[PDB]
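# Examining the three-dimensional arrangement
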Amino acid sequence: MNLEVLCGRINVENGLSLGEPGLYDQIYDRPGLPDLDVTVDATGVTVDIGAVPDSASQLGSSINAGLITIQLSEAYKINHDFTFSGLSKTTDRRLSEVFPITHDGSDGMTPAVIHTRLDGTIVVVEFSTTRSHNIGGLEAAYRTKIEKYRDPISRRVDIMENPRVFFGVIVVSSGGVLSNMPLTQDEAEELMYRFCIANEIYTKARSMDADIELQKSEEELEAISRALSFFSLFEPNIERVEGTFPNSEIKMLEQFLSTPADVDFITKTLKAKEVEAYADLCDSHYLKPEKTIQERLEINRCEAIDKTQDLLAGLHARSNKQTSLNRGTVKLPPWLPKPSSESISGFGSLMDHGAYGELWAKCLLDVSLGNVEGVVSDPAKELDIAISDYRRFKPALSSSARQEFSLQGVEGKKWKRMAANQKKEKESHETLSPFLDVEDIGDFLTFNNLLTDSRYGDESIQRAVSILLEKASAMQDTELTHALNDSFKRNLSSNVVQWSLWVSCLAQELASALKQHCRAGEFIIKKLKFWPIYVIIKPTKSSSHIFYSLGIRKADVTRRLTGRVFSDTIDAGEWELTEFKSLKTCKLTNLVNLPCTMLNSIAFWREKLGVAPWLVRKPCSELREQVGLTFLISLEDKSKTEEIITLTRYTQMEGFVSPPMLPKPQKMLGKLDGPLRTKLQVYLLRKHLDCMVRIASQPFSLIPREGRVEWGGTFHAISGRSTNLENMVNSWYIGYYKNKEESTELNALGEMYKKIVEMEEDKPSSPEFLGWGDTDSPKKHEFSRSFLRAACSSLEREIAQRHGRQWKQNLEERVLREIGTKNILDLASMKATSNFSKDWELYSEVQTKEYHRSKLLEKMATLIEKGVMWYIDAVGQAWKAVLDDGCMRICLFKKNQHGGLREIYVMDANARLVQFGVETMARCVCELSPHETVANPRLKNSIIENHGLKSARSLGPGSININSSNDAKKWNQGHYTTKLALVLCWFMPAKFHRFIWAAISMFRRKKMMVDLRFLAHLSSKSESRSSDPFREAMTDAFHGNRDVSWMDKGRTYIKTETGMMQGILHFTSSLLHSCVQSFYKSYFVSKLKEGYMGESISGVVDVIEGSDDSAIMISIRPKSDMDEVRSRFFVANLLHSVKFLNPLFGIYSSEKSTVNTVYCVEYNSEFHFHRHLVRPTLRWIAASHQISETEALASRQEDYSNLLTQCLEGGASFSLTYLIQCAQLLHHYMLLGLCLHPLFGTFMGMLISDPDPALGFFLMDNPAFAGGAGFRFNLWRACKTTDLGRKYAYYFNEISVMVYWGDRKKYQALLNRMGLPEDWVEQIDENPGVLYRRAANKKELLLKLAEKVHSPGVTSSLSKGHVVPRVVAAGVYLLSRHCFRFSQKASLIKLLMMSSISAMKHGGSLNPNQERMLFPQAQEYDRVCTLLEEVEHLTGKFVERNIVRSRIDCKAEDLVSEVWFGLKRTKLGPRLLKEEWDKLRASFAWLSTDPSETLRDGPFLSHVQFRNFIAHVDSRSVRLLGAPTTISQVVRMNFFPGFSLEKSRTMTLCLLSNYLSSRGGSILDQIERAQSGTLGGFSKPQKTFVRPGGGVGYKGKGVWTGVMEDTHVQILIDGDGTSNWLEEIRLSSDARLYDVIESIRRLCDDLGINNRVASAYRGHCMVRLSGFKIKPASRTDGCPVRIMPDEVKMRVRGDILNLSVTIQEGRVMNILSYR
RNA sequence: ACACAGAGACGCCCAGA
RNA sequence: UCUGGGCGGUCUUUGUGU
Ligand SMILES: O=c1ccn([C@@H]2O[C@H](COP(=O)(O)NP(=O)(O)OP(=O)(O)O)[C@@H](O)[C@H]2O)c(=O)[nH]1
Ligand SMILES: [Mg+2]
């Protein structure tokens, strides 16, 4: 309506004013809604408006009741345009036209109505519209708009004299209209009615997928616009880029894009590599001349024997050549005493039994003469501290004793220069000969007494564990849990676990003593709390060695562990003593975790051999061998020890190689080099050599049975005993029992510097093979441009075929959106960033200063403080800094892995911002690839599974499948970082090239810090005498005696030009490997088409690729016996030619690859053996004890639950899950101070009073469904069935026990460097909308940063390695010194008494309101709890080798945000919105539309707690392994292997029974929640005028929108009065196209639909669908298959079962009715 | 004792003889 | 080379992705 009257009524007097916000609610009565007929075209959406329904209150003058139309591009403002079009005047002007330019960057955006004709003013009446149901969101919108538009106007005020400006804001919502210019109630009513009718139009229009998936709002368009503006105005100064980085000319990119691939070179090179591969495969694999398989195997065995003997001779020639040595693998005594109690006759016989005897006697004399206090803590003294709220001796050791101790490292620094110490040091470096006699290790492994019963079931430690386990099982006390508990007791009464108990106690007590220091000659003596073993301890410091000597009376040792693998013990008169041994912080974790490790090992290797936990059987040879091997690996904890058994997987996968090809296990002799320093290493190496000889002698026998393919003849990697396939795969994985987190000494940092340099120094001198020309015999780091063009074109063809034509525009828009939506804060994280700069280059200046890495969060917050809020506004500054620097800065360390040796690089702050854009670009490009899995996880378990279906469909029954599991070597340093730029720039638009090329061109000069301490100890070592050229290379490179290109005179860095870094260009290299795999796929299809005699071989080829590990799968069908051999030969040639085709692409095939394997593939350690999927369970079983350093006590339990779930999903039965949860309980209580605190039993007794998990109680899963339910499920069960619910209800009615680690010394400092305000809580409270959205301004980003830094995740992120020793070192004072915090400092005994004195003031239970508030998922918890009583006793039968994968399965966050702030986040319409909000109000009565009303009248003081509450309100799904009512089936099948415990038609019958019985609520919602589909209806009801039509109406238009099989089915329908036909069809999920088509046709024929009329649309399309049949997407005719609430009458028909779902016309549609 | 085809660690900072 | 004392979320130490 009129604007001049609205403008002229205001009068400006002095200057700029904001006005007064007037709020006008609904005052006058409102009519209904006019009749609206909306139709969506291919170019616009148009509305016909009917008569206004009886405007008795003069409301509706603005509407015209005629015809209106809008565009698709203008549709997203369908409210903001149509509501406000009466006041809209076409101006297209900015204030910059009427005000002089102040150069503030505000000269381009039109700010809505800016009517100027009032005495020379500008008003800028700027407009808005919201869906808020309250005032708080309206106030937030007003504040956001005024903050957006206030500052530039005030900046532009002062340019002219006497300003007259008067800015204003209008906001319209359903609840009312708030403004600031003078407005009367009538036009406010008009605007609100226009808003209601426009919202109705928008609701009708939201049944169109062109608008549902349209751009959300102006935020996405503005992000795309700013990204476009940055990308079109970014000058990287390319001449400088060429001047400072090598190989940075644009001409490489121009010639790659312009000059096509030379077909003649490709044709010549392919036949050259084909004949080379044929010659190599004949020569190496013995085909010329012709021979049988047997003699081929014998001569391959001869080659293997010769190669192993050559390696043995080479290792023996560099050793000390000794065939006998007395060395113990386990350096701990074999004592297994009987612990009784605290027990602190010729004490002179120890003096003359050596130096250790002298020390022990002169210590025990001080013990007897001195004070008992100090050795152990008195219970009374510790109890006197909690309620009321170390022994050191200096013996005069002799010179001989001091020298003997210094020989073993005790005070060895002072006696370094003596002759004996120097001789010991010289002999220490000697390598052991491989021919050393190690028969004792094999004798111990084969025969031992580790699993024999120890008979201490009535022991106090076992009594404590038993009572705690009985209390944990008291709430579930049935027969099955009792049987498995008794089995755990038997596993706790073995000899090995009883030895491990006192060993773990010693390790934990050493970890406690690691923080103590002693003077020269002082020692610390203690007694084990249970066992009568005395420990003498020499502490140096925490980061150095701890020394210990053990002593025990000869009468207290009841029995010993058999075997000669133990170190010699000194035999004195009445005591047995052990020499001084050393440990470190890293080595203690394995010894702490020892009894749990043995318990889990016994459980796993007991069930894997087929004996039940509840059966009694004597241990066999192989079980003892596996347990002893695990014991020795855990006790030794050395990298070279586990490397040999790690390589056994790659060695033993070669036994699956099919003819014609021989097994090649002797290719791994290259990685088996290196010195051997222990007897166990020698034994493992010889067993590995024997395994290679046995593998080369005979392959694994692949037997085709009646319905499945099986493998026989498989055997253990080390012990060599014949076992099953699963046992072999698991035995490949015993080497991960070593700790990941191994502290690396400085002397090992040099050798890991080799891999950076040893491949850099061989850079080719000519860069004309680095991307310029073509080469048929390429050196490493070189590649062919033509081959890269061919592979890139092949992947381009694949992407265009899969995602339709003009896909580059979609890729451009998604890349622009992804870049624009990124802010500064998302890249801020608690990951380490480098601090290396130009000031750190010269060692002559940084010799004293020590280098510390900073946090990325701190630097990103520093950039936030400087007024940088968007990501694109920092990349330019980062590139300016990097280009001025001239190089990219990197700092290194070592990865704490198991698979080998690996260096890890860390960027500075500048390079990360540049790398992030390229990373997102490459990820978005790889998302289009149909065989890339790094960005598409769903393809990991899809391509392998669907290959069988494709082979069955295309080739039919009887298909031979041949696989190749390729792995690349040196994936990072091999790729010269010009290939990746070319590959990325092939797929990207033309205007994005000049940033992609630059950002990747900075990887060609890498500037890497080396360790400063390494430089300090190398500077004073200018003379080197090592038998390795790299050591002297480092020495004279640092000292400048020679010239190298990778280190200069006195520089703290190394230069690296060739190669990328690890994972830094992960997605781009994934794209490159996808291109290579696509080229190989096309080439393989071509060769299978051209045949071998000219007759084609009918076969299917598909490839999968990740980062460097790929797999090629080829299924072929021979037609005869003679054809099969030739076809297998041809396929073997094709799969072998990749090893020579890869160097043309610069990829080097490793010896880790297993080529030409039938019915077997490995991709990501996921071994697919035909229809039997194999996972290594031992990795997750060994992963069940590393926990994160957390502050709350229950968080330890939830971490244990997470690790337990990880162990369950790896393929473990529920019995192992229960047993390893028992071991987790034991581990948690030992960390609580079970073996280090005198006051545990009383603590134990106090847990009689209260089983509170927050106070230190461990909850246990139900043994039938253990691991699959979280910790919160156990908490819920305990609250319902025990008295814990009373305590929780009392605590809630009154208104958790958490401990600070280091009292937040670092955290607070991390706060103080940021400078964040301490008053941010009220700023969050006053604008509730700062969350639930992303960001809009600098202040809200700062507030979100302050919210991020005050989070549990960032709190539990400053923890360092060796978490278990640091946790257990606090176990001596966790109970009896004030360390916990309650919701000041108080000991946990005090917390238990405070809980106990309030236990008398307890009553009732948890009402439904509190348990719904606290325990949000209670419904499915009860549903899964009520499905467990059907099987409760050990009743069943023994009847598994068919293990496959199985899976077991609006929300309030969107609802609250939409209601309170009007942000579109829900699919549901207004009716369902009101219904869901009413249900949420029924859930919590304190909720209200006003945010302030909910804040003030709620239990949360500020909005952040409310936000975390809503986040915690909002599904748990678990993946298992087993054979192919579902819950009952998987529980019955997955309890124990081979043992049973006592479209889907069945689901359709269940739904029908529910419909006839009406057990639940709406049957439509029950069907939808059951994942069945077929729910929806019309939105244009096919307008019906008169009967003469074909069904009265059925003419003109019509759309059916609904959900079937989780899709957005939006079938367009149209009739001409004589027939009805579909027009366009849209689908969301393309999982099962054929079943969806069948269901669609079945729905269609019930109403009557013809597909004769094809279409009128020839645009973008993925599949074109003719009549009831799939056709090619663009051939002819068809229709464009496109990928992007009331129940009144369910009557039935006759003679057929029917469900009347008649939506808007007299025809019945069927859901699942049928006959 | 740990690390290593001999680079390290086996204590480190403080005023006093 | 001795004398007194002080020393822990110490440092080493943890990157790119899923
Ligand atoms: O922790 C990791 C592990 C793997 N990766 C990335 O994944 C790649 C493959 O991981 P990889 O174990 O195969 N190492 P690679 O350099 O290929 O040599 P090799 O072990 O002999 O085959 C590596 O080259 C890294 O780029 C990481 O970035 N971080
Ligand atoms: Mg690899």
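Cut-offs and rules
Residues numbered from 1 in each chain as written, not as in the entry; some residues may be left out. Chains lettered and ligands numbered in written order. Heavy atoms only, no water. UniProt positions renumbered as here; feature names shortened; annotations may be inferred. Near = heavy atom within 4 Å. Polar contact = N/O pair within 3.5 Å; in protein donor to acceptor, adjacent residues only side chain to side chain. Helix = DSSP H or I, 4+ residues; strand = E, 2+ residues; numbered from the N terminus. Core = buried A, V, L, I, M, F, W, Y, C linked by side-chain atoms within 4.5 Å. Buried < 20%, exposed > 50% of the residue type's maximum accessible area, 1.4 Å probe, protein only. Contact = heavy atoms within 4.5 Å. Areas by Shrake-Rupley, 256 points an atom, 1.4 Å probe, with all protein chains shown as cover. Nonpolar A, V, L, I, M, F, W, Y, C, P; charged D, E, K, R; others polar. Donors = N, O, S within 2.8 Å, 3.2 Å for Na, K, Ca; no water. 1 Å grid on protein atoms, 1.4 Å probe; cavity = no way out; pocket = protein on both sides within 12 Å on 5 of 7 lines; lining within 4 Å. Points joined across faces, edges and corners; volume = space filled by probe spheres on them. Pairing = 2+ DSSP bridges. Axes fitted to C-alpha atoms, helices over the stretch in contact; angles between N-to-C directions. Domains from an automatic or database assignment. Parallel < 35°, antiparallel > 145°, perpendicular 65-115°, else oblique. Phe/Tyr/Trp six-rings, centres within 6.5 Å; stacked < 30°, edge-to-face > 60°. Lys NZ or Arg CZ within 6 Å of the ring centre and 35° of its normal.

As recorded in the PDB entry, chain A goes by the name RNA-dependent RNA-polymerase L protein, listed as coming from SFTS virus AH12. On record in UniProt, under Sequence similarities (unreviewed entry), the comment for chain A is "Belongs to the Bunyavirales RNA polymerase family."

## Concerning the protein's contact with RNA strand C
The full set close to RNA strand C counts 41 residues, and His517, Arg912, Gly1063, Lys1306 and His1362 are the nearest of them. Taken together, the sugar and phosphate atoms account for 50% of what RNA strand C places within 4 Å of the protein. A distance of 3.2 Å is found between a base nitrogen of RNA strand C and a side-chain nitrogen or oxygen belonging to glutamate 741. With respect to RNA strand C, the side chain of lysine 1305 contributes an N or O atom lying 3.4 Å from a phosphate oxygen. Only β23 (903–907), α32 (909–928), α39 (1066–1090) and α48 (1305–1314) provide two or more residues apiece to the surface near RNA strand C.

## Concerning the nonpolar core
Counting residues in hydrophobic clusters, the biggest one holds 369 residues, and the most contacted among them are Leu332, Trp499, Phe987, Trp1046 and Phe1169. Of all the elements, helix α19 (residues 495–513) adds the most residues to this core, at 12 residues. Beyond its immediate chain neighbours, meaning those up to four positions away, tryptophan 1046 contacts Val757, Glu760, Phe1030, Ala1033, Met1034, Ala1037, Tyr1053, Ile1054 and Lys1055. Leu350, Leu359, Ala361 and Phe547 belong to the second-largest nonpolar core, a separate cluster that totals 26 residues.

## Remarks on unusual backbone geometry
Across the junction of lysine 288 and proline 289, the peptide omega takes the value 0°, indicating a cis bond. Turning to its location among the elements, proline 289 is positioned in the loop between α10 (263–285) and α11 (293–317). Of note in this structure, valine 124 is not a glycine but carries a positive phi near 50°. Checked against the element boundaries, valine 124 lands in the loop between α3 (95–98) and β5 (125–126). A residue is classified by how much of its surface remains accessible, and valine 124, at 2% relative accessible area, is buried. Residues other than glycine seldom take positive phi values, yet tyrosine 1594 does so here, at roughly 55°. Note on placement: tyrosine 1594 falls in the loop between β40 (1575–1578) and β41 (1599–1603). For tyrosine 1594, a relative accessible area of 6% gives the class buried.

## A few points about the site of ligand 1
Around ligand 1 sit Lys895, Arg902, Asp967, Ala968, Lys970, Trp971, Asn972, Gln1062, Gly1063, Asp1108 and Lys1152, and that is every residue in its neighbourhood. Between an oxygen atom of ligand 1 and a side-chain N or O atom of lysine 1152, the distance comes to 2.7 Å. Burial of ligand 1 by the surrounding chains reaches 72%, relative to a free accessible area of 560 Å². Its residues assigned to classes, the shell around ligand 1 comprises two nonpolar, three polar and six charged.

## Structural notes on the coordination of the magnesium ion (ligand 2)
The coordination sphere of the magnesium ion (ligand 2) contains the protein donors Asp967 (OD) and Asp1108 (OD), at a distance range of 2.1 to 2.2 Å. Pair noted here: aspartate 967 is in strand β24 (residues 960–967) and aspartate 1108 is in the loop between β27 (1099–1105) and β28 (1109–1116), with a separation of 141 residues, a long-range link. Since its relative accessible area comes to 15%, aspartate 967 is described here as buried. By relative accessible area, which is 21% here, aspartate 1108 ends up partly exposed.

## Quick notes on empty space enclosed by the protein
In this approach the atoms are scanned with a rolling probe the size of a water molecule, which exposes any empty space left behind. When its volume is computed, the largest cavity comes out at roughly 290 Å³. Lining of the largest cavity is provided by 19 residues; of these, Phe1578, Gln1582, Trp1600, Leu1643 and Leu1647 occupy positions nearest its centre. At the level of elements, β42 (1609–1615) and α63 (1633–1647) are the ones that each hand at least two residues to the lining of the largest cavity. Tallied by class, residues from the lining of the largest cavity come to 14 nonpolar, three polar and two charged.

## Here we look at the sheet that holds β23
If you walk across this open sheet you meet the four strands as β23-β22-β25-β26, and the pairing is mixed. Unpaired on one side and paired on the other, β23 and β26 (1053–1056) mark the two borders of the sheet. Going from strand to strand, the sheet's axes swing by 35° on average, the running direction of each strand aside. Relative to strand β25 (residues 1006–1009), strand β22 (residues 888–894) runs parallel, the two sharing four bridges. In the strand pairing of β25, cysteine 891 is matched with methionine 1009.

## Some remarks on the domain arrangement of chain A
By domain assignment, chain A separates into domain 1 (4–214), domain 2 (304–321 + 639–676 + 678–697 + 706–732), domain 3 (335–433 + 499–588), domain 4 (1181–1406), domain 5 (1436–1530) and domain 6 (1545–1683). A straight line from the C-alpha centre of domain 4 to that of domain 6 covers 51 Å.

## A word on the packing of helix α56 (residues 1452–1461) against helix α59 (residues 1503–1513)
Contact geometry of α56 with α59 gives a least axis separation of 8 Å together with a crossing angle of 135°. When the axes of α56 and α59 are compared, the pair comes out oblique. Packed against α56, whose contacting residues are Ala1452, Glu1453, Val1456 and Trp1460, the element α59 presents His1503, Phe1506, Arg1507, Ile1510, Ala1511 and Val1513 at the interface. In the contact of α56 with α59, the residues fall into seven nonpolar, one polar and two charged.

## Here we look at the pairing of strand β12 (residues 534–539)
Where burial is concerned, most of β12 is hidden: six out of the six residues are buried. A two-sided burial pattern is seen for β12, the buried positions comprising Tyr534, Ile536 and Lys538 on one face and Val535, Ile537 and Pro539 on the other. Pairing analysis gives four bridges linking strand β11 (residues 523–527) to β12, with the strands arranged antiparallel. Within β12, the residue paired with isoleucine 525 across the bridge is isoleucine 536.

## Brief notes about the packing of aromatic side chains
This structure, assessed with the given rule, holds 66 aromatic pairs. Ring centres 5.8 Å apart and planes at 45° place the aromatic pair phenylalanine 1240 and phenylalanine 1243 in the tilted group. Grouping residues by exposure puts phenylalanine 1240 and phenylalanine 1243 together as buried. Seen from their ring centres, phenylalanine 1273 and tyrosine 1421 are 5.7 Å apart, and the 90° between their planes marks the pair as edge-to-face. Like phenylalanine 1273, the residue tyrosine 1421 is buried in the burial classification. Of the aromatic side chains, those joined through ring pairs into one cluster are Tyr1332, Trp1460, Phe1461, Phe1484, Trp1486, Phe1500, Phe1506 and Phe1509. Positioned above the aromatic ring of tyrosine 736 is the side chain of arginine 1179, whose terminal nitrogen or guanidinium carbon lies 4.5 Å from the ring centre. Positioned above the aromatic ring of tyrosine 1332 is the side chain of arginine 1507, whose terminal nitrogen or guanidinium carbon lies 5.4 Å from the ring centre.

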